[PDB]
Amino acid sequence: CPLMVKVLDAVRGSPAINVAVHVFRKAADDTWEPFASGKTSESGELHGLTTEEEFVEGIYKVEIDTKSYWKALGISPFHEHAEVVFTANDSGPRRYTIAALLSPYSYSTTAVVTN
């Protein structure tokens, strides 16, 4: 799979488990088209979102439903969600990992692109 998402919890020092993730692809009319989605596993990871065939070049948005995650833990959060927007490029290494570290009023995201 060319696209993986990993989510960590900075308050509990744990993977962020059962977090909803939605992936969108920018369509020609400039709107966001549903592309793939799922929920992070017990390791905070979401595998199997797409295939090499389907993951063509383009602009993609990964939406991490952080607000629901914190609410389920009884913790009051700031953001509605975390959004990661990037261009997939065939020249570059082949595999994309979108990692996010979550706190109630902050998040960090990085991209690990490898061959």
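So that there is no doubt, residue numbering starts at 1 and follows the sequence shown. Basically, rigid core = biggest C-alpha set you can superpose within 1.5 Å across the two forms.
Chemist: Please tell me which region, 82 to 90 or 54 to 62, has C-alphas lying farther from the displayed form on average in 8 other deposited structures of this protein, with superposition done on the core.
Modeler: Higher root mean square deviation of C-alphas in 8 other deposited structures of this protein is shown by 82 to 90.
Chemist: Mean CA B-factor: is it higher for 53 to 61 or for 29 to 37?
Modeler: In the deposited entry, the stretch with the higher C-alpha B-factor mean is 29 to 37.
Chemist: Quick one: which of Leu8, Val5, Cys1, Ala111 has the biggest Cα B-factor according to the entry?
Modeler: In this record, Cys1 carries the highest C-alpha B-factor of the candidates.
Chemist: Out of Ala88, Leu46, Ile75, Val85, which residue has the highest Cα temperature factor in the PDB record?
Modeler: In the PDB entry, the greatest C-alpha B-factor among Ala88, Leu46, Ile75, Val85 is found at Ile75.
Chemist: Looking at the entry's B-factor column for C-alpha atoms only, identify whether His79 ranks in the lowest, middle or highest third of its chain.
Modeler: Lowest third, going by the recorded CA B-factors of the chain.
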